[PDB]
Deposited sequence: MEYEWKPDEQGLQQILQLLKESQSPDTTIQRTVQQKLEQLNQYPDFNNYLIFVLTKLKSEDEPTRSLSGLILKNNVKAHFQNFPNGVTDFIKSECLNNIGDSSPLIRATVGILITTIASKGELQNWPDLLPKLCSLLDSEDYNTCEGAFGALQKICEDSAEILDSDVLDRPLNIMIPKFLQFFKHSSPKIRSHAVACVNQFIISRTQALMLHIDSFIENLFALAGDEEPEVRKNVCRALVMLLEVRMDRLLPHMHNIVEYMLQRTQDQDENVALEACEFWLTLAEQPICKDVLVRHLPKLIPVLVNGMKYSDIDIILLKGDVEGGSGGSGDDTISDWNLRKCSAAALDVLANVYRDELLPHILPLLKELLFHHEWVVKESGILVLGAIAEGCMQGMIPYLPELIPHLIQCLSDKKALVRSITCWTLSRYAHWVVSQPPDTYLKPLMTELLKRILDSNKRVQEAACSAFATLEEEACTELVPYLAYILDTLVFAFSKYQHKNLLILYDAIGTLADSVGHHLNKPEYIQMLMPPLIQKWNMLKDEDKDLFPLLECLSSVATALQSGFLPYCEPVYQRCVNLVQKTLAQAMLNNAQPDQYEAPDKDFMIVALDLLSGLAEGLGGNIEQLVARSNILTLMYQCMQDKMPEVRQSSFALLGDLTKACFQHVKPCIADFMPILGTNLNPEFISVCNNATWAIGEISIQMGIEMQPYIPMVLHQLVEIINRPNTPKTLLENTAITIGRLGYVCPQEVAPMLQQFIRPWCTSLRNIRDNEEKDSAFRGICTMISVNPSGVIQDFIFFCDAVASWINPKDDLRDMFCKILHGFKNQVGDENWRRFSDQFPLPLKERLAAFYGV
């Protein structure tokens, strides 16, 4: 045995009487002393002892001892002596079925907690033991065992589905299935619960007994007990995902069952049922099985979307479940509408019609939500009703009730495509006017709704906002003074999305006047390692890009923090690479946006960036990122390099030696964006190095020729590849020119399709130079070059004379009669263009 010091046990029983004192400040100082005793080891032996052995005590006092012990298992189990432990473990299991339900709960919570903290392979007597106890003839022992087993399957499902314990599932699962039949409804619900853990993992023991499982489920269809029903519903939802086949046969039966449950009095059951419709809808067989029932279903869902009376109360002054019947029904409706398209409206529209206009607001509100939910897939079918509705909704933006104001903002944003595709004055103007008001609404929910809807609307509207710009910024900037936290974040989105939507139009001193100060104000106060510098980078990145050169005043502090972060990150990635156990791996998304913002300033400020580049190790850092193993990073640096190259090649040329070989290796089209931006940045440095490029040409060229001839490459890599070749041959024709016959054809084919611009120009100068040097590359495929030259509408004159000399050079080589015959295989527009423009 173990005996406790009776003189010291009367002591503990006092503490336990004081922990139950009403007086707040007694409780305060008594608990700090019970914390104190943890320091010493035997103490926990006194607790399990008060619980399980001292029947001369108050039950609340006993249960409290076990709960205190329990909490000492959560903190401080590494500090448990293995004798205290083993006394506890054994002492729990002898009383797992105590006659007192309060004690039995307490004992049970200990067991599951010890099993959870001090893992299962360290208590391997337990499962075996708990199984054998299910069979117990004593009911309370059975229930106890099963309650524990249940929490264990919940906590430890992956470990049980593992050799760690020698596949103990193979015995228990079939064992559990037996207990679906049991007298008690509690034992029935435990059994189903345990089993449901192992459905989605496709646990072997269960997949092989699937038919027992299903027959057994089906046999509980008609159970009065919510907790049983809840668990049946969970079971059927999961099955649906993994083992569609086995229950397809019985679908209609199942479906009628779920439809009942979806309406169940008890909202737990309801919600669990509702999940069905949602996960059913993602199943390619769905569309047929269900159609018969849409009639009955739609209104069950729609009726589920009203706020309850209690929902409403918690929303006056998030304060409510992030998942509930309302969201679930509503989400189901969105998926349905994307499957059934307009086939859905006959089942909905009439409901809408009387909900939207209904006089009680809760109902009108759910009307609006529905209308929002169906928007995406019922769009076409809704067009005819919108001229009535969109104006109706613009009205409700000023409704007395905020929950009507906010959902209205949302629903309007779902029809933003249509609104923007009309006369701006009928629908868009008054919409945008009311939104802008609501952005400054007194209520936080309405702000978030309104600001988000605005940002959404802005994306669809694009350049149509330029009239209202003045009015928009007034509102957005003023909102900085109101908004905090979650709504502030939506606001940066709103401003970012604005800049992206109008671009340069936003460059005007009066606009930059009001906008920039409060942003750079916010830029500083929020701290590196803050939740919110991520949305603010992306805000400034958008703005900076739209503002162009007008950004300049403001970019020192933005540059510095960007460089800082790129470094700070690589600092950590290093450590983590060498000592991964002690060092937190970094979050690269921080770096990727910084590089993208820096790349944004390089295009934007152009040359004026230069001096900040000089003062910083931006180039070393870039060097490091180009070898980074995540492709998004390599891609964001090559992008940056090409920009820096144009903006200020003088600070770059130093590092070229080192870069070109890295660029060389990254010309691999498996990762397209990197290959693209690498191809691009060698193009751009060609032009700045000119002739001095020639040492480096051997290390890239065969791979570029590789890529352009290599099929199923996206349009705009080839375009960049062609371009870049041209730009090499422009500055080192001697080395590039001999390769001409291999790339001339896909090169022409690819660039005959792009707009007369500066890249086209610089690349075609290239081809012309190489043709002068190896005039026999083109003679095989000369019609391809004719075609590409005829793609120019209005070329620079020098370039026009270059083509002119080539075209006639050839017509003279082959003679008039050969030429005429050659050009008869030209399409009219081309033949005539060349004959008129280059005189040929």
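Engineer: Note down, first to last, the deposited-sequence stretches for which the model contains no C-alpha atom.
Structural biologist: No C-alpha for residues 1-3, 321-331.
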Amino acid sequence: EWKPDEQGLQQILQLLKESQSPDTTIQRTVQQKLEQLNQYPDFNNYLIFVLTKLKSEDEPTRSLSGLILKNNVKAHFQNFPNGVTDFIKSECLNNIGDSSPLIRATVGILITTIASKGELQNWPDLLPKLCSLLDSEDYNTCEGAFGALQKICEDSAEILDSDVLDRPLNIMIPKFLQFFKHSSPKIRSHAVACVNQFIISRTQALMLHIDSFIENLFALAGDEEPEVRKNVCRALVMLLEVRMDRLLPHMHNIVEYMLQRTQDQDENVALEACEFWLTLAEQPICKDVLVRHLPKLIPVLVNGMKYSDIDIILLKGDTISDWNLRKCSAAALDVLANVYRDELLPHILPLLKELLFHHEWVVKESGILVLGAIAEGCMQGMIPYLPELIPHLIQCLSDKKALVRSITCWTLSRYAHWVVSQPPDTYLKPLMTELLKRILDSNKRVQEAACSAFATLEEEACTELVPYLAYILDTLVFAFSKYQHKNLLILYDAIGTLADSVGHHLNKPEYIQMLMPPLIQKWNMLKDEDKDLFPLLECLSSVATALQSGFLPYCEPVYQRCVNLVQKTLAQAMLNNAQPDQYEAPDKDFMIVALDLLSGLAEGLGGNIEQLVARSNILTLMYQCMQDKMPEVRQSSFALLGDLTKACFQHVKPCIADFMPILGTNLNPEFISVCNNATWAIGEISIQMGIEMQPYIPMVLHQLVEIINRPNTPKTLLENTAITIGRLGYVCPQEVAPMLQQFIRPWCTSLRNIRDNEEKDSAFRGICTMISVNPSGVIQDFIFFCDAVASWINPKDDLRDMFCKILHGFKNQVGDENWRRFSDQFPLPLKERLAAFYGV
From here on, numbers count along this sequence of modelled residues.
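For clarity, a rigid core is taken as the largest C-alpha set superposing within 1.5 Å between two forms.
Engineer: Could you say which moves further from this form in 6 other deposited structures of this protein, stretch 708-716 or stretch 616-624, by root mean square CA distance after aligning on the core?
Structural biologist: Taking the RMS over all superposed structures in 6 other deposited structures of this protein, 708-716 lies farther out.
Engineer: Comparing 655-663 with 132-140, which has C-alphas lying farther from the shown form in 6 other deposited structures of this protein once the core is aligned?
Structural biologist: After superposing on the rigid core, the more displaced stretch in 6 other deposited structures of this protein is 655-663.
Engineer: So 514-522 or 389-397, which one's hotter by mean CA B-factor in the entry?
Structural biologist: 514-522 has the higher mean C-alpha B-factor.
Engineer: Between 366-374 and 120-128, which has the larger average Cα B-factor in the PDB entry?
Structural biologist: The entry gives the higher C-alpha B-factor average to 120-128.
Engineer: Which has the highest CA B-factor per the PDB entry: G381, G766, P299, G690?
Structural biologist: Each of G381, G766, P299, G690 was compared by C-alpha B-factor; the highest is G690.
Engineer: Just grab whichever of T456, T112, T426, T679 has the top CA B-factor as deposited.
Structural biologist: Across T456, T112, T426, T679, the entry lists the biggest C-alpha B-factor for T426.
Engineer: Sorting the chain's CA B-factors, does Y40 end up in the lowest, middle or highest third?
Structural biologist: Highest third of the chain for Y40's C-alpha B-factor.
Engineer: Would the CA B-factor of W2 place it in the lowest, middle or highest third of its chain?
Structural biologist: Its C-alpha B-factor belongs to the highest third of this chain's values.
Engineer: For the chain shown, is the CA B-factor of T408 in the lowest, middle or highest third of its modelled residues?
Structural biologist: Its C-alpha B-factor belongs to the lowest third of this chain's values.
Engineer: Taking the chain's C-alpha temperature factors as the reference, tell me which third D441 falls into: lowest, middle or highest.
Structural biologist: Lowest third, going by the recorded CA B-factors of the chain.
Engineer: Where does the C-alpha B-factor of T52 rank in its chain, lowest, middle or highest third?
Structural biologist: Middle third.
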